[PDB]
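What follows is the content of coords-v4.pdb (PDB, C-alpha atoms).
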```
ATOM      1  CA  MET A   1       0.000   0.000   0.000  1.00  0.00           C
ATOM      2  CA  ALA A   2       1.064   3.624  -0.525  1.00  0.00           C
ATOM      3  CA  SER A   3       1.561   4.253   3.209  1.00  0.00           C
ATOM      4  CA  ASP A   4       3.854   1.232   3.517  1.00  0.00           C
ATOM      5  CA  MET A   5       5.858   2.431   0.525  1.00  0.00           C
ATOM      6  CA  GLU A   6       5.840   5.917   2.078  1.00  0.00           C
ATOM      7  CA  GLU A   7       7.684   4.497   5.083  1.00  0.00           C
ATOM      8  CA  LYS A   8      10.527   3.362   2.819  1.00  0.00           C
ATOM      9  CA  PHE A   9      10.681   6.767   1.138  1.00  0.00           C
ATOM     10  CA  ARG A  10      10.817   8.459   4.536  1.00  0.00           C
ATOM     11  CA  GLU A  11      13.637   6.239   5.768  1.00  0.00           C
ATOM     12  CA  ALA A  12      15.678   6.861   2.628  1.00  0.00           C
ATOM     13  CA  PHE A  13      14.959  10.579   2.837  1.00  0.00           C
ATOM     14  CA  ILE A  14      16.420  10.694   6.341  1.00  0.00           C
ATOM     15  CA  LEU A  15      19.485   8.771   5.171  1.00  0.00           C
ATOM     16  CA  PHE A  16      20.168  11.268   2.391  1.00  0.00           C
ATOM     17  CA  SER A  17      19.292  14.455   4.287  1.00  0.00           C
ATOM     18  CA  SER A  18      21.090  13.076   7.390  1.00  0.00           C
ATOM     19  CA  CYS A  19      18.819  15.272   9.530  1.00  0.00           C
ATOM     20  CA  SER A  20      15.746  17.566   9.446  1.00  0.00           C
ATOM     21  CA  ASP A  21      12.647  17.046   7.288  1.00  0.00           C
ATOM     22  CA  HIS A  22      14.099  18.978   4.359  1.00  0.00           C
ATOM     23  CA  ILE A  23      16.420  17.685   1.655  1.00  0.00           C
ATOM     24  CA  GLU A  24      19.110  19.557  -0.245  1.00  0.00           C
ATOM     25  CA  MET A  25      18.343  19.959  -3.916  1.00  0.00           C
ATOM     26  CA  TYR A  26      21.624  18.348  -4.966  1.00  0.00           C
ATOM     27  CA  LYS A  27      21.043  15.473  -2.577  1.00  0.00           C
ATOM     28  CA  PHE A  28      17.485  15.167  -3.838  1.00  0.00           C
ATOM     29  CA  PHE A  29      17.996  13.744  -7.331  1.00  0.00           C
ATOM     30  CA  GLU A  30      20.298  11.000  -6.029  1.00  0.00           C
ATOM     31  CA  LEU A  31      17.546  10.137  -3.559  1.00  0.00           C
ATOM     32  CA  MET A  32      15.200   9.338  -6.432  1.00  0.00           C
ATOM     33  CA  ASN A  33      17.446   7.375  -8.790  1.00  0.00           C
ATOM     34  CA  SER A  34      17.944   5.030  -5.853  1.00  0.00           C
ATOM     35  CA  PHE A  35      14.275   4.055  -6.206  1.00  0.00           C
ATOM     36  CA  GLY A  36      14.329   4.201  -9.989  1.00  0.00           C
ATOM     37  CA  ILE A  37      12.379   7.447 -10.117  1.00  0.00           C
ATOM     38  CA  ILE A  38      13.454   9.828 -12.867  1.00  0.00           C
ATOM     39  CA  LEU A  39      12.967  13.580 -12.872  1.00  0.00           C
ATOM     40  CA  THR A  40      12.041  15.293 -16.121  1.00  0.00           C
ATOM     41  CA  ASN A  41      13.038  18.839 -17.050  1.00  0.00           C
ATOM     42  CA  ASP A  42       9.441  20.047 -16.715  1.00  0.00           C
ATOM     43  CA  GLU A  43       9.092  18.556 -13.242  1.00  0.00           C
ATOM     44  CA  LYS A  44      12.467  19.894 -12.079  1.00  0.00           C
ATOM     45  CA  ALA A  45      11.249  23.314 -13.167  1.00  0.00           C
ATOM     46  CA  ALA A  46       8.084  22.706 -11.157  1.00  0.00           C
ATOM     47  CA  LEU A  47       9.512  21.452  -7.853  1.00  0.00           C
ATOM     48  CA  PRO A  48       9.728  24.003  -4.987  1.00  0.00           C
ATOM     49  CA  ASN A  49      13.242  25.168  -4.101  1.00  0.00           C
ATOM     50  CA  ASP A  50      12.752  23.631  -0.672  1.00  0.00           C
ATOM     51  CA  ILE A  51      11.637  20.011  -0.687  1.00  0.00           C
ATOM     52  CA  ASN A  52      10.379  18.282   2.448  1.00  0.00           C
ATOM     53  CA  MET A  53       9.404  14.752   3.360  1.00  0.00           C
ATOM     54  CA  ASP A  54       5.764  15.222   2.362  1.00  0.00           C
ATOM     55  CA  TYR A  55       6.599  16.511  -1.115  1.00  0.00           C
ATOM     56  CA  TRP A  56       8.946  13.569  -1.600  1.00  0.00           C
ATOM     57  CA  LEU A  57       6.263  11.121  -0.495  1.00  0.00           C
ATOM     58  CA  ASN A  58       3.611  12.667  -2.737  1.00  0.00           C
ATOM     59  CA  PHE A  59       5.973  13.096  -5.700  1.00  0.00           C
ATOM     60  CA  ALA A  60       6.980   9.482  -5.122  1.00  0.00           C
ATOM     61  CA  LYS A  61       3.265   8.577  -5.067  1.00  0.00           C
ATOM     62  CA  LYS A  62       2.908  10.078  -8.518  1.00  0.00           C
ATOM     63  CA  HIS A  63       5.910   8.392 -10.131  1.00  0.00           C
ATOM     64  CA  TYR A  64       5.660   5.359  -7.882  1.00  0.00           C
ATOM     65  CA  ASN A  65       7.634   2.999 -10.129  1.00  0.00           C
ATOM     66  CA  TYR A  66       5.502   2.738 -13.250  1.00  0.00           C
ATOM     67  CA  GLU A  67       6.986   5.550 -15.340  1.00  0.00           C
ATOM     68  CA  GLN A  68       8.243   2.932 -17.772  1.00  0.00           C
ATOM     69  CA  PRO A  69       9.033  -0.575 -16.449  1.00  0.00           C
ATOM     70  CA  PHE A  70      12.150  -1.980 -18.117  1.00  0.00           C
ATOM     71  CA  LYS A  71      12.989   1.350 -19.742  1.00  0.00           C
ATOM     72  CA  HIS A  72      15.782   0.450 -22.147  1.00  0.00           C
ATOM     73  CA  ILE A  73      18.205   2.497 -24.309  1.00  0.00           C
ATOM     74  CA  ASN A  74      17.725   5.664 -22.207  1.00  0.00           C
TER      75      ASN A  74
END
```
Now that the file is in, can you turn its structure into C-alpha cells?
Amino acid sequence: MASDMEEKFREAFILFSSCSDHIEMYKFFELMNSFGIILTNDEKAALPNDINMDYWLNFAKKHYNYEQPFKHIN
C-alpha cells in the first residue's frame, strides 16, 4: 500500500538528508534514482526550491515505479 511504501521513502529521505525534514536539492535527485524514479526537465522546473518529506512522499506517489518498467536504451 502507498503508506507502507511511504515508510521506505521516509527512511531513505532521512538517510540522504542526514537530519531535518528537508532535503538539499543536490542530494534530492540522487535520492530518487535510488528508487528508480526519474525527474524530467518540466518537473524539475516545477519542484519548490525547498523540498520536504511530504513533497517527496507525494511526488513518489505520482511516479511510484511505473513511469516505464524496463525502460531500455535511455
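For the atom pair formed by atom CA of residue A:4 and atom CA of residue A:44, the distance is 25.8 Å, given to one decimal.
Of the listed residues (A:18, A:63, A:27, A:50), A:63 comes nearest to residue A:2; the distances count all atoms listed in the file.
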Atomic distance atom CA of residue A:51 - atom CA of residue A:71, expressed in Å with one decimal: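 Interatomic distance here is 26.7 Å.
All residues of protein, DNA or RNA that reach within 12 Å of residue A:8, judged by all atoms listed in the file and not counting those fewer than 3 positions away in the chain, are residues 1, 2, 3, 4, 5, 11, 12, 13, 14, 15, 31, 32, 34, 35, 53, 56, 57, 60, 61 and 64 of chain A.
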Tell me, as a compact mmCIF listing (two decimals) with C-alpha atoms, keeping the file's coordinate frame, which residues lie within 8 Å of residue A:52, counting only C-alpha atoms; anything in the same chain fewer than 6 positions away does not count.
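What landed in result35.txt:
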```txt
# COMPACT_ATOMS: atom_id res chain seq x y z
CA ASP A 21 12.65 17.05 7.29
CA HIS A 22 14.10 18.98 4.36
CA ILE A 23 16.42 17.68 1.66
```
Nearest to residue A:7 by atom-to-atom distance, counting only C-alpha atoms, from A:43, A:72, A:25, A:54: A:54
Nearest-residue call for residue A:33, choices A:10, A:17, A:58, A:65, using only C-alpha atoms: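 Using only C-alpha atoms, residue A:33 sits closest to A:65.
Distance-wise, atom CA of residue A:55 and atom CA of residue A:39 end up 13.7 Å apart.
For the choices A:29, A:41, A:59, A:73, the atom-to-atom distance to residue A:16 is smallest for A:29 when using all atoms listed in the file.
Proximity ranking of A:49, A:28, A:37, A:19 relative to residue A:62 places A:37 first, based on all atoms listed in the file.
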Please enclose the listed atoms of stretch 29-37 of chain A in an axis-aligned box, pad each side by 8 Å, and write out the centre and the three edge lengths in Å, rounded to one decimal, as AutoDock Vina command-line options.
```
--center_x 16.3 --center_y 8.9 --center_z -6.8 --size_x 23.9 --size_y 25.7 --size_z 22.6
```
Start from the incomplete input, build N, CA and C atoms for stretch 30-48 of chain A, and deliver everything as a PDB file, in the frame of the given file.
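The new file result-v9.pdb reads:
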```pdb
ATOM      1  N   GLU A  30      19.674  12.280  -6.346  1.00  0.00           N
ATOM      2  CA  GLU A  30      20.298  11.000  -6.029  1.00  0.00           C
ATOM      3  C   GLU A  30      19.367  10.145  -5.175  1.00  0.00           C
ATOM      4  N   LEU A  31      18.545  10.809  -4.376  1.00  0.00           N
ATOM      5  CA  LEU A  31      17.546  10.137  -3.559  1.00  0.00           C
ATOM      6  C   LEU A  31      16.558   9.364  -4.430  1.00  0.00           C
ATOM      7  N   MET A  32      16.256   9.907  -5.598  1.00  0.00           N
ATOM      8  CA  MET A  32      15.200   9.338  -6.432  1.00  0.00           C
ATOM      9  C   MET A  32      15.697   8.259  -7.380  1.00  0.00           C
ATOM     10  N   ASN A  33      16.922   8.384  -7.874  1.00  0.00           N
ATOM     11  CA  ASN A  33      17.446   7.375  -8.790  1.00  0.00           C
ATOM     12  C   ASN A  33      17.636   6.070  -8.036  1.00  0.00           C
ATOM     13  N   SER A  34      17.770   6.189  -6.718  1.00  0.00           N
ATOM     14  CA  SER A  34      17.944   5.030  -5.853  1.00  0.00           C
ATOM     15  C   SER A  34      16.692   4.149  -5.891  1.00  0.00           C
ATOM     16  N   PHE A  35      15.541   4.774  -6.126  1.00  0.00           N
ATOM     17  CA  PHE A  35      14.275   4.055  -6.206  1.00  0.00           C
ATOM     18  C   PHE A  35      13.894   3.771  -7.655  1.00  0.00           C
ATOM     19  N   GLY A  36      14.628   4.372  -8.580  1.00  0.00           N
ATOM     20  CA  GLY A  36      14.329   4.201  -9.989  1.00  0.00           C
ATOM     21  C   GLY A  36      13.401   5.277 -10.515  1.00  0.00           C
ATOM     22  N   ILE A  37      13.215   6.324  -9.725  1.00  0.00           N
ATOM     23  CA  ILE A  37      12.379   7.447 -10.117  1.00  0.00           C
ATOM     24  C   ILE A  37      13.203   8.484 -10.869  1.00  0.00           C
ATOM     25  N   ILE A  38      12.745   8.851 -12.055  1.00  0.00           N
ATOM     26  CA  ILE A  38      13.454   9.828 -12.867  1.00  0.00           C
ATOM     27  C   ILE A  38      12.729  11.165 -12.895  1.00  0.00           C
ATOM     28  N   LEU A  39      13.506  12.231 -12.886  1.00  0.00           N
ATOM     29  CA  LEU A  39      12.967  13.580 -12.872  1.00  0.00           C
ATOM     30  C   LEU A  39      13.101  14.203 -14.252  1.00  0.00           C
ATOM     31  N   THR A  40      11.997  14.647 -14.822  1.00  0.00           N
ATOM     32  CA  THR A  40      12.041  15.293 -16.121  1.00  0.00           C
ATOM     33  C   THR A  40      12.323  16.780 -15.979  1.00  0.00           C
ATOM     34  N   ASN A  41      12.714  17.417 -17.071  1.00  0.00           N
ATOM     35  CA  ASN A  41      13.038  18.839 -17.050  1.00  0.00           C
ATOM     36  C   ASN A  41      11.847  19.660 -16.557  1.00  0.00           C
ATOM     37  N   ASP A  42      10.662  19.323 -17.057  1.00  0.00           N
ATOM     38  CA  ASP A  42       9.441  20.047 -16.715  1.00  0.00           C
ATOM     39  C   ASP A  42       9.134  19.941 -15.227  1.00  0.00           C
ATOM     40  N   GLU A  43       9.341  18.760 -14.658  1.00  0.00           N
ATOM     41  CA  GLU A  43       9.092  18.556 -13.242  1.00  0.00           C
ATOM     42  C   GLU A  43      10.131  19.283 -12.399  1.00  0.00           C
ATOM     43  N   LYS A  44      11.398  19.188 -12.787  1.00  0.00           N
ATOM     44  CA  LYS A  44      12.467  19.894 -12.079  1.00  0.00           C
ATOM     45  C   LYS A  44      12.198  21.392 -12.027  1.00  0.00           C
ATOM     46  N   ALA A  45      11.621  21.911 -13.097  1.00  0.00           N
ATOM     47  CA  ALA A  45      11.249  23.314 -13.167  1.00  0.00           C
ATOM     48  C   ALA A  45      10.030  23.607 -12.297  1.00  0.00           C
ATOM     49  N   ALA A  46       9.342  22.556 -11.876  1.00  0.00           N
ATOM     50  CA  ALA A  46       8.084  22.706 -11.157  1.00  0.00           C
ATOM     51  C   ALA A  46       8.242  22.460  -9.658  1.00  0.00           C
ATOM     52  N   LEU A  47       9.315  21.783  -9.262  1.00  0.00           N
ATOM     53  CA  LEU A  47       9.512  21.452  -7.853  1.00  0.00           C
ATOM     54  C   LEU A  47       9.924  22.700  -7.076  1.00  0.00           C
ATOM     55  N   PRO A  48       9.354  22.896  -5.874  1.00  0.00           N
ATOM     56  CA  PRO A  48       9.728  24.003  -4.987  1.00  0.00           C
ATOM     57  C   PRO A  48      11.196  23.920  -4.590  1.00  0.00           C
TER      58      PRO A  48
END
```
